[PDB]
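Protein chains in written order, with UniProt numbering: chain Z, 150 to 309; chain B, 397 to 870; chain D, 1108 to 1423. By construction, the Cβ of each residue, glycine as well, lies at the ideal position given by its N, Cα and C atoms. Below you'll find the structure, written out as structure tokens, and then a few comments.
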Ligand SMILES: OC[C@H]1O[C@H](OC[C@H]2O[C@H](O)[C@H](O)[C@@H](O)[C@@H]2O)[C@H](O)[C@@H](O)[C@@H]1O
Ligand SMILES: OC[C@H]1O[C@H](OC[C@H]2O[C@H](O)[C@H](O)[C@@H](O)[C@@H]2O)[C@H](O)[C@@H](O)[C@@H]1O
């Protein structure tokens, strides 16, 4: 969506509206000053929710209302999405809560032990990436790193 | 909202019984097909159904909107519709309308193909997609023996819903030798009753009788199947002792006593040599309290071979551990006073100075087995060379043959280093075959190569072991 | 052969530890053609055994009473998910559910021919074997019934078959399973009987009611709407909802036992999940992924915040 400028933001009943330089209230997907945003039919802005525009499933941020990546549970299953609303294939995505999935070639999240980009990582039964903890896989205990989630050597206190 | 409309009486069941519904014990399944009253043949004209005109229940009914929406989306993707996205949030009316346009398209491809097998496969595929109809709702796990097959279900005695399946209150689980009376049911001493496949209820007296029938059939196999009294088995190995009801040991013991007088003499007993696969460390003492009707294994010696010779390129327990000096009081090899108050920790048979004066538990012993130091190494080798990914992975015989070539190459490595295979097998056999108070057992795979054709090629160890064996006689 | 679940190497390597017919040791096909095991025909076996006796050696039979594989006939069992010792898994909803297992033998195999045949002869010749009590059961073995065909009633269980917890079809509203065995006690969705199935949420003066796709009213059951929200409908058929000035926490005891526990229902009936809820008196509780109150443990947060829940449920 082509950008616009010179229209102020107004708050009505707890919601952000945007009124054009023309002076008309704005609906639908809009790039305002380099930020991609959405307004429903009443002209209120959407934040922290997913909307469907054209063939795209686009999440908008909870603070700014700006289009960015998320994971949506679609029907029974998780599916990742980018800033432009395209289903992601062979990519990591972090959801709103800071949890991480990796979606394979078919866009379906990987589960269990996986080797990605030469890195060993683990995923729980719901597809979420284990980070900063031990995990018993294939009759062995492995620690996965705090931010990368990569397998590394670690020590724990067993008994004393 | 009301769902009934002009198609309802047509798609309704012809009959409310087993004729018109594919079922199991009366119940229905996700992949049930049924007989509708009428059929929208070719998507044109409704015509009465004939007994063979069966249709999938999921063409017409769904357990919930989520499933309905998934069905619609799935069938759409297979050419039946412009690919669609529906959600459980979609109105019921819209989903039902969309189901009908799919039904129409289905009847058209049935006319076009003159077959319904294509649909059977489409439904089967779709059904496995749904979590309630696949393993995701089964809690697959791999710890313990669940490692083998992914987890177990225990059947229950439920006369109201599933009365054919009732056990008549006879499903006692984990009655291994140490827990034969259930007195350790609340601890880890309860036996792991579940191992593989369909676990037979050997706590049921009717099933116990049947196991004896089978036992009789084996011990008289030649008489029964070839009227050849020389083609009969002489003794038995009891597989998976700790995973069944320990009554089976007594049943087998008493049978041999009755028919062969094994309790009469050593000549009778030793004419029908019988062994147990009894891994629990407290089985030897149980077996001996029950009169040694079958020979216990002696893991204590097999274990020490692992630690001191057979396992690991370097850090190995000393040969000193083979002695078990604690057997004597203060470990005094000069004074040799047996410690009556020993902590029950030690090797089964002391051999420091065995003159045959003290009674000891009869046993068999081994270095390797078909199921010890074989199945894991052979698979580790296949995994290590990218032939399979997991130990539980399915492999083909060609996959096995290729792996075997690496296994053999490692076994016979002139460097002397072994990655999958066991070290010092000759030296191990030398000890196994000279030990007093044991019946030694020899593994085919230490004499011949474990893969390929039976006895196709001897191992490098064959000559030494063969010599040891002949020397044992002399 | 694999009717569901993970195949094991014994089976696909034909080593003989995984078998369908316990009495078939290499017999010919019924058409007359040879049908060896991996080790050869039954004649080859009798010849091998005889040869060992001619050379003064004994032959050991592998007796494998623990299990049997790949039974071709289906039955509906009642099943609970368990570990190797038959103890229920700690955090499982799979408890006393109906499941289709493969437990029934063909009834026309060598188990049918030779099953129980030799027992009568044996009881006559050695009565005491059949009169001696076994320890685990207190009972003697029972040859009054012969097993020509295996079926679930003689089994403790099975490896999971990957079929699902609800492959056997059930109505969510009443929790009754569909059945057509006897015309006196049929239960089907109303569409299939050409009756009118109404479905959805409907308000009345007393409260909110729900009708499933099969046209039945929800009573004493949890129900999920199309947007993912969960509700509980009480015995009377009404959605539970919190009132003003009253405790939103409610204790639920359902037909489905695994779901028993304390829940937090909001004024519009939505069950709180994975979050904290305050009661009328200012006490805070936490409620898990599935809506249940959590008690007597520490609990962690995505931002690394830690909380403690007392035994009575409250948060210290
Ligand atoms: O390639 C870098 C990284 O991508 C993902 O992690 C992203 C992100 O995950 C969280 O929000 C952590 O808290 C941040 O520190 C991370 O940058 C993959 O999960 C990870 O495996 C990979 O290394
Ligand atoms: O398993 C028979 C074994 O039992 C005792 O030793 C157990 C174990 O002691 C240490 O952990 C060593 O590291 C191992 O090599 C030993 O197996 C008896 O002391 C020993 O004599 C016997 O072989």
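### Message
At the 7 Å Cβ level, is residue 1248 of chain D part of the contact set with chain B, yes or no?
### Response
yes
### Query
Can you give the Cα-Cα distance for residue 1426 of chain D and residue 549 of chain B, rounded to whole angstroms?
Only positions 1108 to 1423 of chain D appear in this structure, which leaves residue 1426 of chain D out of reach.
### Message
Between residue 528 of chain B and chain Z, is any beta-carbon pair separated by less than 7 Å?
### Response
no
### Query
What beta strand (DSSP E) runs, 3 residues minimum, are completely inside the region 1258-1302 of chain D?
1262-1266
### Task
Compile a chain-ordered list of the residues in the region 225-240 of chain Z whose CB is closer than 8 Å to at least one CB of chain B.
225
### Query
Can you give the Cα-Cα distance for residue 707 of chain B and residue 1265 of chain D, rounded to whole angstroms?
35 Å
### residue 683 of chain B burial status per 10 Å Cβ neighbour count (16 or more: buried)
buried
#### Entry: Minimum C-alpha distance to residue 766 of chain B - residue among B:659, B:845, B:592, B:514
B:845
### Query
Can you give the Cα-Cα distance for residue 759 of chain B and residue 702 of chain B, rounded to whole angstroms?
19 Å
### Query
Could you give the C-beta distance for residue 464 of chain B and residue 397 of chain B, rounded to a whole number, given that I count them as a contact under 8 Å?
About 14 Å separates the two Cβ atoms, so there is no contact after all.
### Task
Please list, following the chain, all residues that have a C-beta closer than 5 Å to any non-hydrogen atom of ligand 2.
B:696, B:699, B:700, B:703, B:713, B:717, B:720, B:743
### Task
Kindly list the residues whose CB is nearer than 8 Å to the CB of residue 527 of chain B, restricted to its own chain and excluding five residues on each side of it in sequence; keep chain order.
533
### Query
So which of D:1340, D:1136, D:1232, D:1212 has the shortest CA-CA distance to residue 1308 of chain D?
D:1340
### Query
Cα-Cα, which of D:1350, D:1338, D:1374, D:1289 is closest to residue 1359 of chain D?
D:1338
### C-beta contact flag for residue 1188 of chain D and residue 1178 of chain D at 7 Å
no
### Task
Could you tell me which uninterrupted beta strand (DSSP E) segments, each at least 3 residues in length, are contained entirely in the region 1342-1398 of chain D, listed from first to last along the chain?
1356-1359, 1368-1371, 1382-1385, 1391-1394
### Query
Could you give the C-beta distance for residue 608 of chain B and residue 651 of chain B, rounded to a whole number, given that I count them as a contact under 8 Å?
6 Å
### Query
Straight-line CA distance for residue 1343 of chain D to residue 1375 of chain D?
18 Å
### Task
Closer than 7 Å by beta-carbon distance: list the chain E residues that pair up with residue 465 of chain B, in chain order.
Considering every chain present, this structure includes no chain E. Its protein chains are Z, B and D.
#### Entry: Expected contact under 8 Å - CB spacing of residue 748 of chain B and residue 705 of chain B to nearest Å
Wrong, their Cβ atoms sit about 19 Å apart, outside the cutoff.
### Query
Are residue 523 of chain B and residue 514 of chain B touching if we call contact CB-CB under 7 Å?
no
### Task
Closer than 8 Å by beta-carbon distance: list the chain B residues that pair up with residue 288 of chain Z, in chain order.
538, 539, 543
### Message
Contact criterion: CB-CB distance below 7 Å. Does residue 1260 of chain D meet it with respect to chain B?
### Response
yes
#### Entry: Same chain only: Cβ atoms within 6 Å of residue 537 of chain B, ignoring 5 sequence neighbours per side
547
### Task
For residue 1241 of chain D, return the contacting residues in chain B, with the cut-off set at a CB-CB distance below 8 Å.
601, 604, 643, 646, 647
### Message
Here's the rule I'm using: 16 or more other beta-carbon atoms within 10 Å means buried, otherwise exposed. How should residue 738 of chain B be labelled?
### Response
exposed
### Task
Tell whether a beta-carbon distance below 7 Å holds between residue 1327 of chain D and residue 1361 of chain D.
yes
### Message
Output needed for residue 600 of chain B: all residues of its chain with C-beta closer than 6 Å, excluding positions within five of it in sequence on either side, in chain order.
### Response
566
### Query
With a cut-off of 7 Å, does the C-beta of residue 1204 of chain D fall near any C-beta of chain B?
no
### Query
Span of the beta strand (DSSP E) holding residue 631 of chain B?
631-634
### Query
If you check the beta carbons only, do residue 658 of chain B and residue 648 of chain B fall under 7 Å apart?
no
### Query
At what residues does the alpha helix (DSSP H) containing residue 647 of chain B begin and finish?
643-656
### Task
Mark residue 429 of chain B as exposed unless 16 or more other C-beta atoms lie within 10 angstroms of its C-beta, in which case mark it buried.
buried
### Query
If you measure beta-carbon to beta-carbon, which residues of the UniProt region "Disordered" (554-582) of chain B are closer than 7 Å to chain D?
554, 557, 558, 560, 561, 562, 563, 567, 568, 569, 570, 571, 576, 577
### residue 181 of chain Z beta carbon less than 7 Å from that of residue 207 of chain Z
no
#### Entry: Short-range partners of chain B found in the region 1278-1294 of chain D, where Cβ spacing is below 7 Å
1279, 1284, 1285, 1286, 1287, 1288, 1290, 1293
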